[PDB]
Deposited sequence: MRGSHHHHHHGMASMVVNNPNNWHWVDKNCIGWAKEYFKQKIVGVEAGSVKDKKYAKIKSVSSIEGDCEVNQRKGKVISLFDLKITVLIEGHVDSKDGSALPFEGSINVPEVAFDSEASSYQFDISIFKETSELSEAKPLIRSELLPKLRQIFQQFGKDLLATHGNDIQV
């Protein structure tokens, strides 16, 4: 028998993602959306060809100091993704020549922690509904 773990994946990412963070600094505020599929089917084995789209909202500051907000879209978190597979579309809302230091921040310290999290999900997913 197969099951749709999209509900579980969605709460899993909410706690795995919110709060992660990178004078200059930023952190993941919320998880604004997760779409796609995530099921664990029995096929010989207990396979899963999950494939998800995820967007997170962010906040931070550079510099006295100057804060900002944005979003990060990852078009594909999937059963066959490698660490280098994930794509990150960094948006800094209503940006300015001064805010030109936010993205380099996010790329250097946040993204690499995002990559390891997505990579762990597959393991956690099966060792939770597969060895099941």
Task: Ranges missing from the model, given as deposited sequence positions - done: 1 to 25, 48 to 52, 74, 95 to 98, 168 to 170
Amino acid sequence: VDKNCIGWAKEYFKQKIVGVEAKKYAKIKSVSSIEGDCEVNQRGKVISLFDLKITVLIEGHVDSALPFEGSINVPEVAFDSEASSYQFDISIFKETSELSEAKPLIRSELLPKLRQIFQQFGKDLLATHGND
From here on, numbers count along this sequence of modelled residues.
- [ ] Determine, for stretches 74 to 82 and 27 to 35, which one has the higher mean CA B-factor as deposited.
- [x] 27 to 35
Open item on the list: If I read the C-alpha B-factors straight from the PDB entry, which of 41, 91, 55, 87 is highest?
Closed with: 41
Task: Third of the chain, ranked by Cα B-factor, where residue 65 sits - done: highest
Open item on the list: Could you place residue 47 in the lowest, middle or highest third of its chain by Cα temperature factor, using the values in the record?
Closed with: middle
